[PDB]
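K.L.:
Below are the structure tokens for one structure; questions will follow.
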Amino acid sequence: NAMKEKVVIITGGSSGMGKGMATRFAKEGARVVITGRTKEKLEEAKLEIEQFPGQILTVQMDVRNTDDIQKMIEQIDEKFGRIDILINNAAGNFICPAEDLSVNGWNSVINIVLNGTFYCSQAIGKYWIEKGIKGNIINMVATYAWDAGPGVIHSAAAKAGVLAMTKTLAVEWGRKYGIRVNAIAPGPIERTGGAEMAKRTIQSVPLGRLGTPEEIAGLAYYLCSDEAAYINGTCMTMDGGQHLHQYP
Amino acid sequence: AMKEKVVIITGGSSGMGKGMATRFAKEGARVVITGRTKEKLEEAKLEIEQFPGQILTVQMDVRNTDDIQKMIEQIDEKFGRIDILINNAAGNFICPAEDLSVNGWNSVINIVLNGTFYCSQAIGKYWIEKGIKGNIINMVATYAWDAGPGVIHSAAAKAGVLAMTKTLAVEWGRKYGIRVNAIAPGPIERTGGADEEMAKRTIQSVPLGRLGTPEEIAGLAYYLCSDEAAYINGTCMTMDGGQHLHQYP
Amino acid sequence: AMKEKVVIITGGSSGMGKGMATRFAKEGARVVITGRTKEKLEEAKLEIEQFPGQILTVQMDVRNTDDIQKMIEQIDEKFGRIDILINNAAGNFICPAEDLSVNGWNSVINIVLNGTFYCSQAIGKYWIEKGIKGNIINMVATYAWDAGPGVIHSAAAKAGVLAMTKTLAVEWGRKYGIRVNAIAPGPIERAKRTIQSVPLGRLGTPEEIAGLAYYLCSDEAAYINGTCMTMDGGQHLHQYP
Amino acid sequence: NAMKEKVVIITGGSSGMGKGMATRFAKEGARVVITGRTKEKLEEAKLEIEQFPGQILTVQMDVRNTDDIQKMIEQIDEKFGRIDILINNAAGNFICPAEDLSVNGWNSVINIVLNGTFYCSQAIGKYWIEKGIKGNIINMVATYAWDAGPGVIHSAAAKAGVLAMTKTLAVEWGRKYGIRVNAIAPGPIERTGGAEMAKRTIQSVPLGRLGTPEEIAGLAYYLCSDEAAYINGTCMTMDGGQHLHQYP
């Protein structure tokens with residue numbers, strides 16, 4: 001189909017936004033690699049999105065482990081022979097007052113979100129550099145990445161770091177290798193996990209509703225299209241206007 | 001579908017304006033292009049029209065509120081609806097801030113900032129009275145949120161337009177379900193202003209090593225108006241190959 | 001060196017303008033305050049003047065380029081120099097964007113954006129002719145870089161001023177050594193859900209704002225250029241996740 | 001509340017900006033604690049900065065080690081009985097193309113700059129919470145923290161994370177404890193030693209010169225003064241206008 005012969009890797013692709021993006025790329029005929037930490041969820045996701053035999057590759061791995069990343073790259077290269085797009089979506093988040101956050105809790109989020117995104121990006125980038133592939137990277141961030149994230153200080157710091165990495169790689173690798181690097185910052189999206197009623201935040205969104213995984217997937221698809229080839233080093237926000245000041 | 005929609009593009013007879021008009025027309029929308037000169041409007045129409053009467057040319061000035069109401073009336077009478085407004089009409093040139101005439105400064109503030117407000121408010125009120133969930137796209141520049149040396153007039157005006165964009169996304173998004181966003185293009189071929197050492201140097205300044213195109217800009221505006229994009233509101237989408245970012249540490 | 005300096009504060013007869021004027025006069029500078037109404041200027045003068053001839057009141061409109069040149073002539077004749085310009089003259093009120101009259105929108109753009117440009121260009125040219133390394137401080141608002149629901153006129157105007165601030169910081173900083181910066185105040189003294197909205201749990205004060213403007217004009221702050229210093233107790237930041 | 005009665009901690013206080021800040025606070029009469037990894041540098045800085053015996057406390061410690069941090073707080077509390085200000089300055093930075101950066105290299109910068117700043121801030125904050133002290137935190141960032149940092153991707157990410165932390169703590173702790181948290185972003189400063197011609201750098205600064213440690217010190221001192229009590233959750237840039245676009 002439209003994305004046929006392209007190979008897309010989505011970390012954290014067995015649930016939520018990751019799986020919504022995975023669904024769209026598979027419907028457009030691309031080969032999709034989804035990663036996760038649990039076998040069962042990956043199998044389920046694969047059964048839900050696979051359009052033809054061999055289209056989807058599930059990889060049980062940890063983005064914090066550089067050996068796992070290299071093994072995944074070798075496995076994909078052997079099965080499909082190329083990698084076109086990397087979407088760094090694997091994340092970990094929960095609320096905790098900053099004073100009460102354990103050192104291990106802080107470390108775990110920085111490790112999965114910031115470090116794991118860098119490990120995946122550098123390893124995939126090096127693969128593209130060696131093969132002369134003009135790849136595309138999309139990093140999932142949050143609107144609190146450029147502001148305050150009260151109650152989620154670990155995620156706010158990690159995602160801010162990811163946003164800086166996004167812009168830095170867009171300049172360095174855009175120039176030296178023609179690799180495009182961008183981010184997406186979603187607002188509240190229906191059908192996603194986490195940790196007095198919802199109308200408390202649906203109200204905070206000017207458009208008065210939650211976004212959908214299909215809408216996020218449409219943005220990801222547009223960013224990977226030939227039309228969008230000049231978009232580089234930006235963060236596309238999709239939050240119905242939530243992050244803006246709602247009163248004067 | 002896009003086939004039934006009506007799109008207004010101010011300054012639509014040349015440059016990015018015409019690139020956007022070309023795309024919406026190929027997708028079958030009715031397109032209204034505005035401009036100050038009759039000749040350029042007729043040239044653009046002939047070039048982009050897919051079928052008789054698809055394109056409506058309106059010779060007008062975005063600084064004139066009477067021109068804006070006349071245009072709305074004419075469109076409503078002819079097509080019976082308005083779905084999308086793209087505020088593109090612009091004016092720009094280089095001048096050191098201390099040398100800029102009061103008339104030069106005023107003219108750019110009036111066309112870019114005031115004209116965008118006049119058009120947006122008039123169209124918004126038309127949508128409000130008819131219960132239409134419209135969409136507005138404002139064309140800004142990457143210097144709108146930083147410094148614009150040599151183009152202080154445009155930097156100020158476009159910064160005002162960006163603030164307006166975000167403010168209307170909140171006010172109208174909430175009260176009427178009207179979406180408002182902006183596009184910040186980088187250097188785009190076939191859109192030269194007034195003003196090669198610095199020429200090839202500016203291409204060097206773009207990480208991707210090339211100029212953007214009006215067709216790429218048109219594809220972003222088209223995506224922003226699609227049903228898939230319905231949750232995008234109050235943002236500025238930059239399309240500049242990474243140019244506005246720091247190029248060295 | 002403050003003793004030998006001349007500071008111009010537009011809209012200096014009330015509120016923040018008066019707070020700034022009070023501090024600069026206490027530090028011994030000559031202060032020029034502008035305003036539209038005679039009696040308010042006369043009251044402000046009596047309140048802040050520390051010695052005879054310290055304060056020059058000028059009844060003028062920042063939208064009038066002829067008024068600006070007359071003021072510059074008058075200042076130059078009386079004091080012989082101008083060191084600092086604070087563009088504070090502002091106008092503001094709440095109104096839904098779709099209800100705002102063309103005259104209402106135009107008046108705010110004219111006073112805030114155009115007036116700041118007219119004053120800044122006229123003073124810049126004066127400094128350019130005399131080789132003076134001046135300092136400009138523009139008063140903006142935290143909604144200048146975000147949305148300002150209900151105050152779209154002021155948000156647009158202030159955002160324009162912020163862009164002008166950064167642009168002149170580059171052009172004039174490099175060519176003439178003139179520094180240009182902005183201050184963004186939060187809610188300032190002179191129902192309480194907005195006090196709750198401020199992490200520090202209170203309103204700011206005009207004395208605090210004046211202390212920031214004073215620091216920005218000091219020799220210690222000579223490398224600060226093209227930035228916006230916000231003083232709002234943390235209010236503009238997201239208060240929830 | 002008078003500076004003469006205050007205790008100021010400056011990590012990385014034995015050289016460069018840290019020492020410039022140390023010099024100013026000591027000159028105003030505060031007790032100053034400077035941290036560093038080398039005994040000799042610490043003793044040299046102490047001799048240079050101290051106005052009276054016992055005014056300066058040097059602490060040889062690693063900001064990445066939470067035990068070192070805990071021991072330092074005990075030592076200061078025992079000697080001085082209070083802590084008023086924390087300046088997170090310790091940092092590590094060098095140039096390296098993103099694709100050539102080692103995993104250890106990346107990890108070390110994130111650890112020292114981002115994690116170390118969180119460890120010190122959380123530990124000192126907890127100390128302040130226990131004692132009811134309305135403390136003040138200043139984090140040293142850089143202007144590439146909110147943009148691209150080509151060649152310094154590690155520091156750009158770490159510093160972006162520090163900036164997010166700064167804003168997040170200003171909200172959470174400003175509200176719950178009256179603790180202020182702000183950042184400073186310096187431009188190029190003479191006498192600071194991080195790892196073509198230098199006239200290129202001064203040329204990129206509109207003001208056409210480098211900043212000084214004494215200027216940076218004045219900004220830090222202003223931010224800690226009583227008149228700056230309402231400044232919270234912001235980043236004060238001191239770079240001569242360098243980070244702005246220099247041409248259309």
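Every chain in the structure tokens has a letter given in the order shown (A, B, ...), and although residue numbers restart at 1 in each chain, ligands are simply numbered from 1 in the order shown.
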Report as a VMD selection string the set of chain A residues whose atoms approach chain C to within 7 Å, with distances computed over only C-alpha atoms.
P.N.:
chain A and resid 147 to 152 244 to 248
K.L.:
Quick one: everything within 9 Å of segment 97-100 of chain D, counting only C-alpha atoms, minus sequence neighbours fewer than 5 positions away in the same chain. Send it as a PyMOL selection string.
P.N.:
(chain A and resi 122-123+125-126+168-169+172-173) or (chain D and resi 150-154)
K.L.:
For chain A fitted to chain D over all Cα atoms in order, what RMSD does a least-squares superposition give?
P.N.:
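In short, the RMSD is 0.8 Å.
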K.L.:
Pull the strand (DSSP E) assignments for segment 35-168 of chain D out of DSSP run on the backbone, and list those residues as a PyMOL selection string.
P.N.:
chain D and resi 35-36+56-60+85-88+136-140
K.L.:
When you count only C-alpha atoms, which of these residues is closest to residue 152 of chain B: B:92, B:22, B:69, B:238?
P.N.:
B:92
K.L.:
Which neighbours of residue 211 of chain B fall inside 6 Å, counting only C-alpha atoms, when residues of the same chain fewer than 5 positions from it are skipped, and could you give them as a list in words?
P.N.:
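Once the nearby chain positions are removed, what remains is residues 187, 188 and 189 of chain B.
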K.L.:
Got a sec to pull out which chain A residues are within 6 Å of chain B, counting only C-alpha atoms, and send them as a list in words?
P.N.:
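Selected residues: residues 171, 174, 175, 206, 207, 215, 227, 230, 231, 232, 233, 238, 240 and 241 of chain A.
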K.L.:
Write out as a PyMOL selection string which residues come within 12 Å of residue 188 of chain A when counting only C-alpha atoms, dropping same-chain ones fewer than 2 positions away.
P.N.:
(chain A and resi 16-17+142-143+185-186+190-194+198-205+207-213+215-216+237-243) or (chain B and resi 231) or (chain C and resi 241)
K.L.:
Would you write out those residues with N, CA, C and O atoms, as a compact mmCIF listing (two decimals), in the first residue's frame?
P.N.:
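Written out: out_28.txt:
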# COMPACT_ATOMS: atom_id res chain seq x y z
N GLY A 16 -1.80 1.65 24.14
CA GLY A 16 -2.08 3.08 24.01
C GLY A 16 -1.75 3.75 22.68
O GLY A 16 -2.13 3.26 21.61
N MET A 17 -1.07 4.90 22.76
CA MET A 17 -0.70 5.65 21.56
C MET A 17 0.20 4.86 20.64
O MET A 17 0.04 4.92 19.41
N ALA A 142 5.70 15.75 25.89
CA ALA A 142 4.51 16.18 26.59
C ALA A 142 4.53 17.71 26.66
O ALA A 142 5.60 18.32 26.59
N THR A 143 3.37 18.34 26.78
CA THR A 143 3.37 19.79 26.77
C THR A 143 4.06 20.36 28.01
O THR A 143 4.52 21.50 27.98
N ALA A 185 3.72 16.33 20.79
CA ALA A 185 3.33 16.57 22.18
C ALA A 185 1.81 16.45 22.25
O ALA A 185 1.09 17.35 21.82
N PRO A 186 1.33 15.31 22.77
CA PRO A 186 -0.11 15.13 22.80
C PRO A 186 -0.72 15.65 24.07
O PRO A 186 -0.05 15.74 25.11
N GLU A 190 -7.85 9.65 24.73
CA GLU A 190 -8.68 8.56 25.24
C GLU A 190 -7.95 7.23 25.01
O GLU A 190 -7.06 7.13 24.16
N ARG A 191 -8.32 6.22 25.81
CA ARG A 191 -7.72 4.89 25.72
C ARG A 191 -6.21 4.84 25.98
O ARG A 191 -5.45 4.34 25.16
N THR A 192 -5.78 5.34 27.14
CA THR A 192 -4.37 5.32 27.52
C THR A 192 -4.23 5.11 29.03
O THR A 192 -5.06 5.59 29.80
N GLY A 193 -3.19 4.39 29.45
CA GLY A 193 -2.96 4.10 30.87
C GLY A 193 -2.40 5.26 31.67
O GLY A 193 -2.41 6.40 31.22
N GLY A 194 -1.90 4.95 32.87
CA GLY A 194 -1.31 5.96 33.76
C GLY A 194 -1.20 5.49 35.20
O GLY A 194 -0.81 4.36 35.46
N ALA A 198 -13.54 13.17 35.35
CA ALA A 198 -12.66 13.54 34.24
C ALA A 198 -13.00 14.94 33.73
O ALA A 198 -12.11 15.71 33.36
N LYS A 199 -14.29 15.27 33.71
CA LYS A 199 -14.74 16.57 33.24
C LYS A 199 -13.90 17.69 33.85
O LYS A 199 -14.09 18.87 33.53
N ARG A 200 -12.98 17.32 34.74
CA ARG A 200 -12.12 18.30 35.39
C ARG A 200 -11.02 18.78 34.45
O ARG A 200 -10.50 19.88 34.61
N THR A 201 -10.67 17.95 33.48
CA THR A 201 -9.63 18.29 32.51
C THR A 201 -10.20 18.37 31.09
O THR A 201 -9.67 19.11 30.27
N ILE A 202 -11.27 17.63 30.79
CA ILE A 202 -11.94 17.80 29.50
C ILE A 202 -12.35 19.27 29.42
O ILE A 202 -12.35 19.86 28.34
N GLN A 203 -12.68 19.84 30.56
CA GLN A 203 -13.02 21.25 30.67
C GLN A 203 -11.82 22.16 30.42
O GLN A 203 -11.95 23.26 29.89
N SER A 204 -10.64 21.71 30.83
CA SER A 204 -9.42 22.49 30.62
C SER A 204 -9.02 22.55 29.14
O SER A 204 -8.14 23.30 28.78
N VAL A 205 -9.65 21.75 28.29
CA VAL A 205 -9.32 21.74 26.86
C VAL A 205 -10.31 22.63 26.13
O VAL A 205 -11.52 22.40 26.22
N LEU A 207 -11.22 22.73 23.11
CA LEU A 207 -12.12 21.93 22.25
C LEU A 207 -13.08 20.99 23.03
O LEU A 207 -13.96 20.36 22.43
N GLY A 208 -12.91 20.90 24.35
CA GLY A 208 -13.86 20.19 25.20
C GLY A 208 -14.00 18.69 25.04
O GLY A 208 -15.07 18.13 25.24
N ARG A 209 -12.91 18.03 24.67
CA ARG A 209 -12.92 16.60 24.54
C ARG A 209 -11.49 16.09 24.60
O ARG A 209 -10.52 16.86 24.62
N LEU A 210 -11.39 14.79 24.64
CA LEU A 210 -10.12 14.13 24.61
C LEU A 210 -9.73 13.90 23.15
O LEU A 210 -10.59 13.85 22.26
N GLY A 211 -8.43 13.79 22.91
CA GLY A 211 -7.94 13.42 21.58
C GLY A 211 -8.04 11.91 21.43
O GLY A 211 -8.38 11.19 22.39
N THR A 212 -7.76 11.41 20.24
CA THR A 212 -7.81 9.97 20.03
C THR A 212 -6.48 9.41 19.52
O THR A 212 -5.71 10.10 18.84
N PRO A 213 -6.22 8.12 19.80
CA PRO A 213 -5.01 7.49 19.27
C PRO A 213 -4.96 7.52 17.74
O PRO A 213 -3.87 7.55 17.17
N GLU A 215 -6.11 10.05 15.88
CA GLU A 215 -5.65 11.39 15.52
C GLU A 215 -4.12 11.53 15.69
O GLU A 215 -3.43 12.12 14.85
N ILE A 216 -3.60 11.01 16.80
CA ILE A 216 -2.16 11.04 17.01
C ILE A 216 -1.47 10.25 15.88
O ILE A 216 -0.46 10.69 15.33
N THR A 237 2.32 20.02 18.46
CA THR A 237 1.42 19.84 19.59
C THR A 237 0.02 19.53 19.14
O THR A 237 -0.51 20.18 18.27
N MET A 238 -0.56 18.50 19.75
CA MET A 238 -1.92 18.09 19.45
C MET A 238 -2.68 17.93 20.78
O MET A 238 -2.81 16.82 21.32
N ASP A 239 -3.18 19.05 21.30
CA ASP A 239 -3.82 19.02 22.62
C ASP A 239 -5.09 19.84 22.74
O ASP A 239 -5.48 20.17 23.85
N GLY A 240 -5.70 20.17 21.61
CA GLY A 240 -6.93 20.95 21.57
C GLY A 240 -6.82 22.36 22.15
O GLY A 240 -7.85 23.04 22.35
N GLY A 241 -5.59 22.77 22.42
CA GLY A 241 -5.28 24.07 23.00
C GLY A 241 -5.11 24.07 24.51
O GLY A 241 -5.00 25.15 25.11
N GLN A 242 -5.05 22.88 25.10
CA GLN A 242 -4.97 22.74 26.55
C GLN A 242 -3.84 23.43 27.26
O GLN A 242 -4.05 24.01 28.31
N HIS A 243 -2.64 23.40 26.69
CA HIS A 243 -1.48 23.92 27.36
C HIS A 243 -1.45 25.45 27.42
O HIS A 243 -0.64 26.00 28.13
N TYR B 231 -8.06 18.02 16.30
CA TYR B 231 -7.64 18.30 17.70
C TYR B 231 -6.44 19.22 17.79
O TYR B 231 -5.90 19.46 18.87
N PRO C 241 -0.64 18.99 36.65
CA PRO C 241 -0.14 18.07 35.62
C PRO C 241 -1.23 17.58 34.66
O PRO C 241 -1.30 18.03 33.52
K.L.:
I'd like a table as CSV: residues in chain B with an atom no more than 6 Å from chain C, each row giving the shortest atom pair and its distance in Å to one decimal, only C-alpha atoms counted, sorted by chain and rising residue number.
P.N.:
residue,atom,partner,partner_atom,distance
B:98,CA,C:121,CA,5.8
B:121,CA,C:98,CA,5.8
B:147,CA,C:167,CA,4.2
B:148,CA,C:167,CA,5.3
B:149,CA,C:167,CA,5.3
B:156,CA,C:160,CA,4.0
B:159,CA,C:160,CA,5.3
B:160,CA,C:156,CA,4.0
B:163,CA,C:156,CA,5.2
B:164,CA,C:156,CA,5.7
B:166,CA,C:147,CA,4.9
B:167,CA,C:147,CA,4.3
B:171,CA,C:149,CA,6.0
K.L.:
Write out as an MDAnalysis selection string the residues lying within 10 Å of residue 69 of chain A, counting only C-alpha atoms and excluding same-chain residues fewer than 4 positions away.
P.N.:
chainID A and resid 59 61:65 73:75 116 119:121 123:124
K.L.:
Residues at most 12 Å from residue 221 of chain A, counting only C-alpha atoms, excluding those fewer than 4 positions away in the same chain, as an MDAnalysis selection string?
P.N.:
(chainID A and resid 2:3 8 20:28 30 85 87 136:138 184 214:217 225:229) or (chainID B and resid 223 228:229)
K.L.:
So the first atom is atom CA of residue 7 of chain D and the second is atom CA of residue 32 of chain D; what is the distance between them in Å, to one decimal place?
P.N.:
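We find that atom CA of residue 7 of chain D and atom CA of residue 32 of chain D lie 5.8 Å from each other.
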K.L.:
So that I can see what lies close to residue 47 of chain A, please list as a list in words the residues with an atom at most 12 Å from it, counting only C-alpha atoms and leaving out residues fewer than 2 positions away in the same chain.
P.N.:
residues 14, 19, 22, 23, 26, 40, 41, 42, 43, 44, 45, 49, 50, 51, 52, 53, 54, 55, 56, 57 and 58 of chain A
